[PDB]
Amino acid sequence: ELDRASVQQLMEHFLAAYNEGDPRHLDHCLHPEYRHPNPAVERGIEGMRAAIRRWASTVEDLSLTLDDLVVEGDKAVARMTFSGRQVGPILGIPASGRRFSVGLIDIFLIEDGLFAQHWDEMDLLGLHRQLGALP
């Protein structure tokens, strides 16, 4: 339903939310009834707003960049690179003060012109290794 240019605009807002640590960008790309796949995350867009706030506090010099975008029908696939310096706990890893850079791929479902749900993979093994949690 969304044209490709429109999906590109959604992605610009998604990236800006993280890079600027400004959750308001999410209002322009995420569904208010967003369904995070982790049930520990709050239902709706508040769950993703909480993620923005967490990253803003635990990562310095955060950078999220778009390596590739693939769009078909109600699906958008974003391959991205996520980097920064760890200054707070990240996914069970105590604050190391170290740089990291890892890849991820998110697949978004589009509903009502917004991302409503995702499935993802991130190089968490690489993240653990870079942040000194694993040899």
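Numbers for residues come from their place in the sequence shown, where the first is 1.
Trainee: Output the stretch having the higher mean C-alpha B factor in the entry; the candidates are 29-37 and 84-92.
Mentor: Per the deposited B-factors, the answer is 84-92.
Trainee: Hey, which bit's got the bigger mean C-alpha B factor in the entry, 70-78 or 53-61?
Mentor: Here the higher of the two C-alpha B-factor means belongs to 53-61.
Trainee: Is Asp123 in the lowest, middle or highest third of its chain when residues are ranked by C-alpha B-factor?
Mentor: Its C-alpha B-factor belongs to the lowest third of this chain's values.
Trainee: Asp106: which third of its chain by C-alpha temperature factor?
Mentor: It belongs to the lowest third of the chain when residues are ordered by C-alpha B-factor.
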